[PDB]
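Going line by line, the protein sequences match chains A, B, C, D, E and F.
Read in order, the letters of the first sequence are residues 280 to 319, 360 to 537 in the UniProt record's numbering.
Following the UniProt record's numbering, the numbering of the second sequence begins with 851 at its first residue and continues without gaps.
Following the UniProt record's numbering, the numbering of the third sequence begins with 401 at its first residue and continues without gaps.
Following the UniProt record's numbering, the numbering of the fourth sequence begins with 101 at its first residue and continues without gaps.
Read in order, the letters of the fifth sequence are residues 2 to 40, 73 to 297, 438 to 510 in the UniProt record's numbering.
Following the UniProt record's numbering, the numbering of the sixth sequence begins with 61 at its first residue and continues without gaps.
I have placed the structure first, in the form of structure tokens, so that the comments after it can refer back to it.
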Amino acid sequence: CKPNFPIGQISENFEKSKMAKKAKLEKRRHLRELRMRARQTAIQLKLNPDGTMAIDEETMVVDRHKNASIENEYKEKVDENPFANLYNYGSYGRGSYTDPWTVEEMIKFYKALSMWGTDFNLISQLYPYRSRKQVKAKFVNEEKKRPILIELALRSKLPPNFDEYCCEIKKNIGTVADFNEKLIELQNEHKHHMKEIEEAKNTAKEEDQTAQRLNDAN
Amino acid sequence: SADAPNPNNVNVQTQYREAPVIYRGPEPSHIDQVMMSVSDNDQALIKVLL
Amino acid sequence: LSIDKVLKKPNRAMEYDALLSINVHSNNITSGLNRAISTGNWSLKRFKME
Amino acid sequence: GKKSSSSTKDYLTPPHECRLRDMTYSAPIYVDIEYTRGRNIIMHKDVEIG
Amino acid sequence: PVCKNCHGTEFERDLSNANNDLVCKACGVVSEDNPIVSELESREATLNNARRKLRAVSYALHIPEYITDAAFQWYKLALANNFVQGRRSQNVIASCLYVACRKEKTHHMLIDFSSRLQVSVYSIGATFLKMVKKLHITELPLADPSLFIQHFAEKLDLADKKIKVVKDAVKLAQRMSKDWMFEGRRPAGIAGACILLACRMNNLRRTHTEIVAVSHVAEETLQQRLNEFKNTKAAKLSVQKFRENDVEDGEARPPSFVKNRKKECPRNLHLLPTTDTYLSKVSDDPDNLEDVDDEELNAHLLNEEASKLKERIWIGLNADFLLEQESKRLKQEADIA
Amino acid sequence: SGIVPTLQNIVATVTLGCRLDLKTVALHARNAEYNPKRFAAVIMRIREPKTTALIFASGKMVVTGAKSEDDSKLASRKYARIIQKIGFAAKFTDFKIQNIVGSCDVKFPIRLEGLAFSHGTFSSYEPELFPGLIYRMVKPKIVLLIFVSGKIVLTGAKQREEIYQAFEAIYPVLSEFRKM
Ligand SMILES: [Zn+2]
Numbered sequence: 280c281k282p283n284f285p286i287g288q289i290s291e292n293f294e295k296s297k298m299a300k301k302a303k304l305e306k307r308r309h310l311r312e313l314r315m316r317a318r319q360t361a362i363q364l365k366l367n368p369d370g371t372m373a374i375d376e377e378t379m380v381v382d383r384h385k386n387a388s389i390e391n392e393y394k395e396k397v398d399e400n401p402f403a404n405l406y407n408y409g410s411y412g413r414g415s416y417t418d419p420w421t422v423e424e425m426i427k428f429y430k431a432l433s434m435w436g437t438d439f440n441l442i443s444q445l446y447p448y449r450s451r452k453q454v455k456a457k458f459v460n461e462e463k464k465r466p467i468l469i470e471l472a473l474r475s476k477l478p479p480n481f482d483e484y485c486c487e488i489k490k491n492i493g494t495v496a497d498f499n500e501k502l503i504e505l506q507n508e509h510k511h512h513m514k515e516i517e518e519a520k521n522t523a524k525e526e527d528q529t530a531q532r533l534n535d536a537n
Numbered sequence: 851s852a853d854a855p856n857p858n859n860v861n862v863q864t865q866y867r868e869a870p871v872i873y874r875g876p877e878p879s880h881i882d883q884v885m886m887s888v889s890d891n892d893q894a895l896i897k898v899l900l
Numbered sequence: 401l402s403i404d405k406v407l408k409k410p411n412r413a414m415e416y417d418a419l420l421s422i423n424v425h426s427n428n429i430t431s432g433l434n435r436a437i438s439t440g441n442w443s444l445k446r447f448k449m450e
Numbered sequence: 101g102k103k104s105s106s107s108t109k110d111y112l113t114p115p116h117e118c119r120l121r122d123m124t125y126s127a128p129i130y131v132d133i134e135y136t137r138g139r140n141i142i143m144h145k146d147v148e149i150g
Numbered sequence: 002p003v004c005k006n007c008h009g010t011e012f013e014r015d016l017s018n019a020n021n022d023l024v025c026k027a028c029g030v031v032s033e034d035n036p037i038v039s040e073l074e075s076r077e078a079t080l081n082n083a084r085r086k087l088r089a090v091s092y093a094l095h096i097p098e099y100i101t102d103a104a105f106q107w108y109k110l111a112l113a114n115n116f117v118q119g120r121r122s123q124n125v126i127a128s129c130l131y132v133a134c135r136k137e138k139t140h141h142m143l144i145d146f147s148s149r150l151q152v153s154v155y156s157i158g159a160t161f162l163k164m165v166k167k168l169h170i171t172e173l174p175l176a177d178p179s180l181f182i183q184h185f186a187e188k189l190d191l192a193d194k195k196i197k198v199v200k201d202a203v204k205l206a207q208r209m210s211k212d213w214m215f216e217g218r219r220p221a222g223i224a225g226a227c228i229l230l231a232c233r234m235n236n237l238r239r240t241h242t243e244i245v246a247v248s249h250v251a252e253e254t255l256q257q258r259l260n261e262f263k264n265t266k267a268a269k270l271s272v273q274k275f276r277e278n279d280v281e282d283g284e285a286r287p288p289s290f291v292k293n294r295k296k297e438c439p440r441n442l443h444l445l446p447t448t449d450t451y452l453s454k455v456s457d458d459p460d461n462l463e464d465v466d467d468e469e470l471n472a473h474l475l476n477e478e479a480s481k482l483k484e485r486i487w488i489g490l491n492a493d494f495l496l497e498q499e500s501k502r503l504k505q506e507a508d509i510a
Numbered sequence: 061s062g063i064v065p066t067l068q069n070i071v072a073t074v075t076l077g078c079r080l081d082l083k084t085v086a087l088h089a090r091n092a093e094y095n096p097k098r099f100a101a102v103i104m105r106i107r108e109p110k111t112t113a114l115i116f117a118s119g120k121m122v123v124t125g126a127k128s129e130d131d132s133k134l135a136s137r138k139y140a141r142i143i144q145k146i147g148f149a150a151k152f153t154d155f156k157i158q159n160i161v162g163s164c165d166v167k168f169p170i171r172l173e174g175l176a177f178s179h180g181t182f183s184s185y186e187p188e189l190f191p192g193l194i195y196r197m198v199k200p201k202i203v204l205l206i207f208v209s210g211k212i213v214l215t216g217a218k219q220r221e222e223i224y225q226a227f228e229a230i231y232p233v234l235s236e237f238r239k240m
């Protein structure tokens, strides 16, 4: 009769303890559903025969709750069992579980670590929905387990096997534009629009000076 | 009775002054039953009945 | 007014739950009823009569 | 008085046990509620309010 | 205090005939006759508000009223010593209250403060550590786990024989005390698997969810405890049988050095390698640095044609220096506006 | 067992007589890390002598990631050798040091809650937040974390020598707990 799970007597009111444990199986499971698919009201009026072109009393003001009411109505209605909202030390905290890395992504990583020295800025976009923090945690990870390939990444300071020319442009095909000076020309447009604004502002400053002098003499 | 808590342990060995309960009255009476228990918040009670 | 003192926050509008802070206000029901039975004067508001 | 989960009679501090400790002889108010947690509304039963 | 004729120091208030005089037993001269019976503003406002906070959480966690008033002086001395400035108001008062709840040795944990506040345990715990060592709290009770067994049962709604689940449990905790498992582990952890095992042999209350809804510690971290104490000593005797009256000590093996069992005259003055032999290694040339040179860090430099290659990607990921630029164009704009 | 406690990581900063610009040292280097919204400096990562280079905009610079003290010195002025490339002065005077961490292992299981009662008027811990204990010593003005596995990490060391006489001084206070 081990200390792990003997069924041994009356055990009253465990049907909600059982099913909420069974219901947590799917709450963790549909997190795995979403990860794999991630990879891939003016004023109104009226025509009254008595009073033509009359304004109505009710639409003068807005309720601000009826548009919130319909938003609430197509929401899920759940009956709370006190065992669902269980909290532990791992609650209301940072972080998540990173997807364990693949051999497909290794050849996208070590070649990026062979060409560049260690440049986490552009690796972060290469892995489209991965973040800056855990690729740095992978960098410290691969020192400990494979201590010899980070040496080979350091030692190779030359053009590698020249297959990366597509991988040069595989990064450069997303939104093809000369960013070295296309960033300049719309920034020039940004200050051009501002150069309108002071002209629209300072001519509005001088119209104040002519009117406030006119009623002084009046 | 009202001083701030000094977070240490230096001089606390004799600080209790007496304040007893004296039976007045002009005749001798007997003690019937005396019980001790605790109230809703954990602060002890004494209820002796002469 | 204890709710929207929290709901006037940009971050504190998604995971905020309301039944956590219900028990701070529950003590005005018990202490309201027990004080109005012991000291037999009832301080109402709707009729304003004592 | 009673909940909706156990739905038994009650377990209550007895009245003569309650007058020997300067406690109040009382029974709790239970309500049932539904409210807007977030993504989805939620209906929670047996909230102690007094 | 002192008589005028005998100069005694002991007086006796005589109430035998409703006179209530004050007189000594040496001579009998009355000392007194006819007794006379007794028939900042912003700094006040910042504690009147801060008195609502302590009474807020104490109404919620059923803290009785002799701790709230005891908690306020801990807030009051921390008020004067510049501890409340900067930090959150609602984050310091629960840390201040837990000092008052530890001194009483009561059953209240630390995470029952934080779960109402919906922050992490480690957020409110970090500002607790900067309170205790800063404000010179030396004496303190330990988190005794034997306190937590007696309070778990009442809202757990177990059987009406609620003493045998406790008398067996503290004797299991006394058995757990001499045995070597909880020394760096959690007070609520090891006290959350004893009452599992004490209620094991009598009830089927063990489903690892109703006890976790009490202890608020994870489901699999107490099964690790049940795997731990089974395999220390003399628990194979107490798996299935053997009436609970064993009196042994056994061996001492905490699992921290057991994992180290998987891994495999005083000292003199000048015996240790010093530091000043290492300071004088490299010549301390403050302007030059050409004595520590190599061949690969001399090549540590850009690919000379590949600047605007990487800069175009670096400006293609850029949005801050745009945002930085129009704020400069607006600070000039609002200066004359 | 006359062991020697190894010293894992140094930190050290040097003041520099030249103001640093962020554009001309990040956009045309190798280990380029400069995110403007995240942080206001640049990091270099090089694997001999496996150190790291943390800079500042206003001119100052702090080195971290060496094993021995002489190994940080050649590290600190290879970092200024890249500063010799761009037309900057790189004028350092004081190679000041303010922290070195060290670890140990004495390999015998002990009580640590007994000294929370025994030497508990001065040093203490919290069990449910950190699994180890945090011990203090005014006599060298040092802090140190002890464990139940017998290992001790020595940190906060302003001088390298300052902990060497402390590490033997703290040793006998464990020995009275033979957990008899
Ligand atoms: Zn006298």
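Every residue gets a Cβ at the ideal spot worked out from N, C-alpha and C, and that includes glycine.
Within-8 Å CB hit, residue i to chain D
i, result
"A:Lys-396", "yes"
"B:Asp-890", "yes"
Contacts of residue i in chain F (Cβ-Cβ under 7 Å)
i, result
"E:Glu-172", "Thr-181"
Test: residue i CB closer than 8 Å to a CB of chain E
i, result
"residue 988 of chain B", "Look at the range of chain B in this structure, 851 to 900, and you will see that residue 988 of chain B is not part of it."
"A:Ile-286", "yes"
"F:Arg-105", "no"
Where residue i meets chain E, residues with beta-carbon distance less than 7 Å
i, result
"F:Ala-89", "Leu-475"
Under 7 Å by beta carbon: chain C residues contacting residue i
i, result
"D:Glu-148", "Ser-426"
"D:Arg-137", "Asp-417"
Proximity winner among the options, relative to residue i (alpha-carbon distances)
i, options, result
"F:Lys-120", "F:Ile-194, F:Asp-130, F:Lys-110 and F:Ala-100", "F:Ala-100"
"A:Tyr-446", "A:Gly-436, A:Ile-469, A:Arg-465 and A:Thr-421", "A:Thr-421"
"B:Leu-899", "B:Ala-869, B:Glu-877 and B:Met-885", "B:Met-885"
"F:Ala-140", "E:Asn-491, E:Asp-464, E:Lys-483 and E:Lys-504", "E:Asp-464"
"A:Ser-410", "E:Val-291, E:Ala-251 and E:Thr-265", "E:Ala-251"
"E:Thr-171", "F:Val-166, F:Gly-192, F:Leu-205 and F:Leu-175", "F:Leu-175"
"E:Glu-499", "A:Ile-289, A:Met-513, A:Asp-527 and A:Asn-537", "A:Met-513"
"C:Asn-434", "D:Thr-124, D:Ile-142, D:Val-131 and D:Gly-138", "D:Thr-124"
"F:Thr-153", "E:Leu-173, E:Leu-237, E:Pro-459 and E:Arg-502", "E:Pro-459"
"E:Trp-107", "E:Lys-5, E:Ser-153, E:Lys-188 and E:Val-132", "E:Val-132"
"F:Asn-69", "F:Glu-129, F:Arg-105, F:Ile-63 and F:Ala-92", "F:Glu-129"
"E:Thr-79", "E:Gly-119, E:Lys-501, E:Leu-112 and E:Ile-244", "E:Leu-112"
"E:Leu-150", "C:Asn-411, C:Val-424, C:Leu-420 and C:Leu-444", "C:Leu-420"
Within chain B, partners of residue i - CB distance below 8 Å
i, result
"E:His-169", "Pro-857"
Residue-chain proximity (residue i, chain A), Cβ-Cβ < 8 Å
i, result
"D:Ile-141", "yes"
"E:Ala-246", "yes"
"F:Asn-69", "no"
Cβ of residue i within 8 Å of any chain F Cβ
i, result
"E:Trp-487", "yes"
Any C-beta of chain B under 8 Å from that of residue i
i, result
"D:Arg-121", "yes"
Short CB-CB distance (under 8 Å) between residue i and chain C
i, result
"D:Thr-124", "yes"
Would you list, in chain order, the members of the segment 90-102 of chain E that have their beta-carbon closer than 8 Å to a beta-carbon of chain B? Those residues of the segment 90-102 of chain E that come within reach of chain B (Cβ to Cβ, closer than 8 Å) are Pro-97, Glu-98 and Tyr-99.
task = Using a Cβ-Cβ cut-off of less than 9 Å, list which residues of the segment 418-443 of chain C approach chain D; keep chain order.
result = So the close ones are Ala-418, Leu-419, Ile-422, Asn-423, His-425, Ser-426, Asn-427, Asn-428, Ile-429, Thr-430, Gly-432, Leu-433, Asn-434 and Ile-437.
Original post:
Taking Cβ-Cβ distances below 8 Å as the criterion, which residues of the segment 123-149 of chain F are in contact with chain E?
Top reply: The residues in question are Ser-128, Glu-129, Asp-130, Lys-133, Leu-134, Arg-137, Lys-138, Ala-140, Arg-141, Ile-142, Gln-144 and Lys-145.
Any residues in the segment 423-436 of chain A with a beta carbon nearer than 8 Å to a beta carbon of chain F? Which ones, in chain order? Within the segment 423-436 of chain A, the qualifying residues are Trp-435 and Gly-436.
Could you tell me which whole alpha helix (DSSP H) segments of length 4 or greater appear in the segment 61-87 of chain F? Within the segment 61-87 of chain F, the complete alpha helix (DSSP H) runs of at least 4 residues are 83-86.
Quiz item: Counting only runs that start and end within the segment 869-894 of chain B, where is the beta strand (DSSP E) found for 3 or more residues in a row?
Solution: You should have 883-888.
In the segment 110-138 of chain E, which residues sit with their C-beta less than 8 Å from some C-beta in chain A, listed in chain order? For the segment 110-138 of chain E, which is checked against every Cβ of chain A, not one residue is closer than 8 Å.
For the segment 465-488 of chain A, enumerate the residues whose C-beta is nearer than 8 Å to any C-beta of chain F, in chain order.
So the list reads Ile-469, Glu-470 and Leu-473, given in the order they occur along the chain.
Check: Using a beta-carbon distance cut-off of less than 9 Å, what residues from the segment 148-159 of chain E approach chain F?
Finding: Correct list: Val-154, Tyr-155, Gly-158 and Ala-159.
| Complete runs of the beta strand (DSSP E) confined to the segment 244-293 of chain E [at least 3 residues] | Listed in chain order, nothing qualifies, since the segment 244-293 of chain E has no complete beta strand (DSSP E) run of 3 or more residues.
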